[PDB]
>>> print(open('entry_21.cif').read())   # mmCIF, C-alpha atoms
data_work
loop_
_atom_site.label_atom_id
_atom_site.label_comp_id
_atom_site.auth_asym_id
_atom_site.auth_seq_id
_atom_site.Cartn_x
_atom_site.Cartn_y
_atom_site.Cartn_z
CA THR A 3386 147.46 36.11 154.01
CA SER A 3387 148.58 37.63 157.33
CA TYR A 3388 152.27 37.16 156.44
CA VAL A 3389 154.19 40.11 155.00
CA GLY A 3390 155.97 39.16 151.83
CA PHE A 3391 158.44 40.45 149.27
CA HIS A 3392 161.28 41.81 151.35
CA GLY A 3393 163.93 43.33 149.12
CA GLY A 3394 167.61 43.90 149.75
CA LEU A 3395 169.76 40.78 149.89
CA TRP A 3396 166.79 38.40 149.85
CA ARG A 3397 164.97 36.44 147.14
CA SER A 3398 161.36 35.28 147.47
CA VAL A 3399 160.66 31.80 146.08
CA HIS A 3400 157.76 29.50 147.02
CA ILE A 3401 158.39 25.79 147.60
CA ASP A 3402 155.04 24.18 148.40
CA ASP A 3403 156.45 20.94 149.84
CA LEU A 3404 160.02 20.60 151.08
CA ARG A 3405 160.29 16.81 150.87
CA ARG A 3406 160.54 15.08 147.50
CA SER A 3407 157.72 12.65 146.77
CA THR A 3408 158.66 9.40 145.04
CA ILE A 3409 154.95 8.66 144.49
CA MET A 3410 153.57 11.55 142.41
CA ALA A 3411 155.56 12.83 139.45
CA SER A 3412 156.91 16.33 139.75
CA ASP A 3413 155.32 17.82 136.62
CA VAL A 3414 151.65 18.70 137.08
CA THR A 3415 151.07 19.39 133.36
CA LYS A 3416 151.67 15.71 132.37
CA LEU A 3417 148.88 14.96 134.85
CA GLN A 3418 146.83 17.72 133.17
CA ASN A 3419 147.07 16.01 129.77
CA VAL A 3420 145.83 12.56 130.85
CA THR A 3421 142.72 11.55 132.83
CA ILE A 3422 142.43 9.00 135.63
CA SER A 3423 141.72 6.01 133.36
CA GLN A 3424 144.77 6.91 131.23
CA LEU A 3425 147.06 6.76 134.29
CA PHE A 3426 146.64 2.96 134.29
CA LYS A 3427 147.49 2.33 130.61
CA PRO A 3428 150.05 -0.51 130.34
CA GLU A 3429 153.10 -0.64 128.06
#
>>> encode(input="entry_21.cif", output="structure tokens")
Amino acid sequence: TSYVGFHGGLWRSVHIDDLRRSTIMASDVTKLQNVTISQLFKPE
């Protein structure tokens, strides 16, 4: 909160929460919002 933000001019403000890609969690949080924890383990 103590960081000044949306500088204009020749700058664009985008927010990347983690720089490194994770091969563990899927990168779409809504798919995780559909299912519950028991439904993560459903086999083929």
>>> atom_distance(input="entry_21.cif", atom1="CA of residue 3400 (chain A)", atom2="CA of residue 3418 (chain A)")
21.2 Å
>>> axis_aligned_box(input="entry_21.cif", around="region 3397-3408 of chain A", padding_each_side="6 Å", output="JSON")
{"center_x": 160.0, "center_y": 22.9, "center_z": 148.1, "size_x": 21.9, "size_y": 39.0, "size_z": 18.0}
>>> atom_distance(input="entry_21.cif", atom1="CA of residue 3405 (chain A)", atom2="CA of residue 3425 (chain A)")
23.5 Å
>>> decode(input="entry_21.cif", residues="chain A", atoms="C-alpha atoms", output="compact mmCIF listing (two decimals), in the first residue's frame")
# COMPACT_ATOMS: atom_id res chain seq x y z
CA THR A 3386 0.00 0.00 0.00
CA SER A 3387 2.98 2.36 0.46
CA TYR A 3388 3.99 1.98 -3.21
CA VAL A 3389 2.87 4.65 -5.69
CA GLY A 3390 1.19 3.11 -8.68
CA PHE A 3391 -0.21 3.94 -12.09
CA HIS A 3392 2.50 5.98 -13.73
CA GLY A 3393 1.41 7.13 -17.16
CA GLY A 3394 3.45 8.13 -20.17
CA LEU A 3395 5.32 5.32 -21.89
CA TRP A 3396 4.55 2.77 -19.18
CA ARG A 3397 1.90 0.07 -18.71
CA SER A 3398 0.85 -1.26 -15.30
CA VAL A 3399 0.23 -5.02 -15.18
CA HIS A 3400 0.30 -7.25 -12.08
CA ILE A 3401 2.01 -10.65 -12.23
CA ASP A 3402 1.60 -12.28 -8.82
CA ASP A 3403 4.28 -14.95 -9.29
CA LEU A 3404 7.03 -14.69 -11.89
CA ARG A 3405 7.92 -18.39 -12.07
CA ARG A 3406 5.58 -20.86 -13.76
CA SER A 3407 4.29 -23.61 -11.49
CA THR A 3408 4.06 -27.10 -12.99
CA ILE A 3409 2.10 -28.24 -9.91
CA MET A 3410 -1.03 -26.06 -9.74
CA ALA A 3411 -3.00 -25.38 -12.91
CA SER A 3412 -3.01 -21.81 -14.11
CA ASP A 3413 -6.78 -21.25 -14.18
CA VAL A 3414 -8.26 -20.58 -10.74
CA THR A 3415 -11.88 -20.86 -11.95
CA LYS A 3416 -11.53 -24.60 -12.79
CA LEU A 3417 -10.48 -24.96 -9.14
CA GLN A 3418 -13.53 -22.86 -8.20
CA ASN A 3419 -15.90 -25.32 -9.88
CA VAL A 3420 -14.67 -28.49 -8.15
CA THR A 3421 -14.13 -29.24 -4.45
CA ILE A 3422 -11.21 -31.05 -2.81
CA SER A 3423 -12.72 -34.55 -3.10
CA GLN A 3424 -13.40 -33.95 -6.82
CA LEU A 3425 -9.71 -33.17 -7.46
CA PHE A 3426 -8.96 -36.88 -6.93
CA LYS A 3427 -11.57 -38.31 -9.34
CA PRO A 3428 -9.93 -40.92 -11.63
CA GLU A 3429 -10.49 -41.34 -15.37
